[PDB]
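As a plain string of letters, each chain reads:
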Amino acid sequence: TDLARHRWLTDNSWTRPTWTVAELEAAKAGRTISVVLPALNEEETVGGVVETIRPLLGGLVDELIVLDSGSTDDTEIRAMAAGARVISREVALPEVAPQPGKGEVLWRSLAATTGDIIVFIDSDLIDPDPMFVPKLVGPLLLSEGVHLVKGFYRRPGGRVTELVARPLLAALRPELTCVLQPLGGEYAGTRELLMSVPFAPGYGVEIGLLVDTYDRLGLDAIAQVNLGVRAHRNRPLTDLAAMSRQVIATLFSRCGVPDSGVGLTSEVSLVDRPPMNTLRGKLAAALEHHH
Amino acid sequence: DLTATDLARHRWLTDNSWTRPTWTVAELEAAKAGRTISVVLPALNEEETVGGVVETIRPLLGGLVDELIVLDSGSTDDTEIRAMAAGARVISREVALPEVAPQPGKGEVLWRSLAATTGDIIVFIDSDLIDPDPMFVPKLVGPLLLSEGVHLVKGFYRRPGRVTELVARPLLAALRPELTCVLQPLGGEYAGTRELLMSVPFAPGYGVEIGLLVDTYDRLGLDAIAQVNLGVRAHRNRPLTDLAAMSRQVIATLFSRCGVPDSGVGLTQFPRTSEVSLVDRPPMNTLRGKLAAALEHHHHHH
Ligand SMILES: O=c1ccn([C@@H]2O[C@H](COP(=O)(O)O)[C@@H](O)[C@H]2O)c(=O)[nH]1
Ligand SMILES: O=c1ccn([C@@H]2O[C@H](COP(=O)(O)O)[C@@H](O)[C@H]2O)c(=O)[nH]1
Ligand SMILES: [Cl-]
Ligand SMILES: [Mg+2]
Ligand SMILES: [Mg+2]
Ligand SMILES: [Mg+2]
Ligand SMILES: [Mg+2]
């Protein structure tokens, strides 16, 4: 089974993406690219992240959007000043009452974008690099059959990643242990995939998308690329335990394990949002390729 | 609003948890009432600390404690002779249970200790402890000697670990949420009755502690489980690869008890993946003390 993981890494993993912006533009072939940054109270970093993507707008990148998650700091004005269009959760999907968590934000962004490719980038990154978006879309534009690209960082994984996500995947979806950073916030997906799957709530959205992509489209539909060396950032153990609890709930929900829904003495939801093509059928159909 | 888990936890802490388990050794001896107490130290290459742990338990020998055994797990250092000089009885896995070939891991050692001990109550203490305290054993056996219906006591430390808070407790919250009341379910210092420990299977390696906890709960509920404060101890740092291997086996063992299939695929390292290939051992009363008084489980019918 290590031969399967080995062949995936040789074909679907890039430690040193060579691609230039110019060759990626030339390869778009009519497809459009939307970059979405979710943001809840990220005034200190959102501008910096937007600034590294902004020079691509009008070229490789067709839309640059910050999806504000109900911030009360200066996130929106700083994201605007850095050159992003700022869209609230309510504007993205007005007739559906919002609910908390990151998964909600990413899901609503599908109704407020037009890209055939959607790129997600966390807005709390303190060291964003301008080649993030090019490296994330490279496999989608130049490799047949890829629908989800996960950006990983070399270390100079994470405690939740190595103690929770990777060992649970070994137990329940063993082929997926080849994904280095399954919980990473930087990744890109096709409209065809993202429009057609449920979105898990809160901190479960990344692992839910990975497992749903694996089941529906297969291992070769997933790729991964190295975005650069980044050290781990400190997070309190209570936040990490809360994130673990929701990663567990979403994995269990995708495998049919009855999860009690009981949190840690912490929020945990077992309810997905439905595929966006059920609420935006005409948008979704308009975005389906003729062939 | 308080949940059903919150309510059970609060009352369980009132009745079954002791932050200051101040029983005297004399009153615990007086309460033994013919029952005997075996203390078991599993040991795999702990030459630097095993003697110090034994030294703290030794003054109880002949009174509260009836036997003190280091069950050696195949050490190649000076673990055994240092345990001997410190005043313990050293028994190998092989001598403990000659008719079964050993397999590696901590669970095997504790399971085998049941055949090598005679106490009505068996106490487990890790042999790698840096700062063992002489009141560990009194505090662990208190609720077994004085509290009706208690069969398993988990000792915890106040802090001045990642697998417990990121793996064990979140998974218990999902699969057995009442058990999230236990502060340190993976702790190595704990005690149980012979009638309980002989009746349950033992999980291998790093899964033995969590397996005993869930097996006890599934048979007897929260009422049979207690916990006691052993004192203040700082977290000792372990390599990340060790923690990941521990996590993988805790997951395996929890899954087998809660009706979740498990791939048997160990952990992938970078491109190489191991195979969880160690088996649960059956209840020791299938090999020893076969006609002993069985453990009455909770009836699920009426
Ligand atoms: O409810 C939420 C949680 C996080 N987020 C954003 O998602 C990103 C990841 O959040 P995190 O670092 O707390 O895990 C970060 O950019 C947050 O600002 C939201 O937009 N809404
Ligand atoms: O195979 C094993 C593993 C650990 N042990 C002992 O169990 C205790 C807990 O081990 P640990 O801290 O490596 O998880 C410690 O005292 C070890 O010496 C064994 O006796 N056998
Ligand atoms: Cl721990
Ligand atoms: Mg933040
Ligand atoms: Mg973050
Ligand atoms: Mg050791
Ligand atoms: Mg230890």
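Residues numbered from 1 in each chain as written, not as in the entry; some residues may be left out. Chains lettered and ligands numbered in written order. Heavy atoms only, no water. Residues with missing side-chain atoms left out of burial classes, pairs and counts.

What the entry reports as its method is X-ray crystallography, with 1.93 Å given for the resolution.

Turning to the overall build of chain A, a few remarks are in order. Check the secondary structure of chain A and you find 13 helices and eight strands. At 18 Å, chain A has a C-alpha radius of gyration in line with the 19 Å of a compact globule built from 291 residues. Projected onto its principal axes, the C-alpha positions of chain A cover 45 × 45 × 45 Å. (Helix = DSSP H or I, 4+ residues; strand = E, 2+ residues; numbered from the N terminus. Rg over C-alpha atoms; globule rule 2.2 N^0.38 Å.)

Moving on, we get to the UniProt feature "binding site: (R)-malate 1" (unreviewed entry) in chain A. Taken from the UniProt record, the annotation "binding site: (R)-malate 1" (unreviewed entry) applies to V160(A), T161(A) and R235(A). Taken along the chain, the residues just named run across 76 residues; in space they keep tight, none of their C-alpha pairs more than 13.4 Å apart. Within the secondary structure, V160(A) sits in helix 8 (residues 159-172). Sequence-distant contacts of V160(A), that is, excluding residues within four places in its chain, are made with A165(A), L183(A), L240(A), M243(A), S244(A) and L166(B). (UniProt positions renumbered as here; feature names shortened; annotations may be inferred. Contact = heavy atoms within 4.5 Å.)

Each partner contributes to the interface: chain B provides 34 residues, whereas chain A provides 34 residues. A total of eleven residues in the side of chain B that touches chain A trace back to one element, the largest contributor, which is helix 8 (residues 162-175) of chain B. Of the residues belonging to the side of chain B that touches chain A, the class tally is 20 nonpolar, six polar and eight charged. (Nonpolar A, V, L, I, M, F, W, Y, C, P; charged D, E, K, R; others polar.)

Bringing the packing of helix 8 of chain A against helix 11 (residues 240-257) of chain B into the picture now. Two elements in contact, helix 8 of chain A and helix 11 of chain B, have axes separated by 9 Å at closest approach and are oriented at 40 degrees. Classed by the angle they form, the pair helix 8 of chain A and helix 11 of chain B counts as oblique. Crossing handedness for the pair helix 8 of chain A and helix 11 of chain B: right-handed. Together, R159(A), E162(A), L163(A), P167(A), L168(A), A170(A), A171(A) and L172(A) of helix 8 of chain A and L240(B), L243(B), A244(B), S247(B), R248(B), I251(B) and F255(B) of helix 11 of chain B make up the contact between the two elements. Of the residues contributing to the contact of helix 8 of chain A with helix 11 of chain B, the split by class is eleven nonpolar, one polar and three charged. (Axes fitted to C-alpha atoms, helices over the stretch in contact; angles between N-to-C directions. Parallel < 35°, antiparallel > 145°, perpendicular 65-115°, else oblique. Left-handed = near helix turned anticlockwise from the far one by under 90°.)

A separate point is the pattern of salt bridges. All names here are of chain B. Under the criterion given, the structure shown has 30 salt bridges over all chains. With a shortest N-O distance of 3.0 Å, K106 and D126 are connected by a salt bridge. Pair noted here: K106 is in helix 6 (residues 106-116) and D126 is in the loop between strand 5 (121-124) and helix 7 (136-146), with a separation of 20 residues, a long-range link. A single salt-bridge network, built from bridges that share partners, covers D215, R219, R257 and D280. (Salt bridge = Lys/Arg side-chain N within 4 Å of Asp/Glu carboxyl O.)

Let us look at the pairing of strand 4 (residues 85-88) of chain A. As judged from the four bridges shared by strand 3 (residues 63-68) of chain A and strand 4 of chain A, these two strands associate in the parallel manner. Opposite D68(A), over in strand 4 of chain A, you have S88(A) as the bridge partner. (Pairing = 2+ DSSP bridges.)

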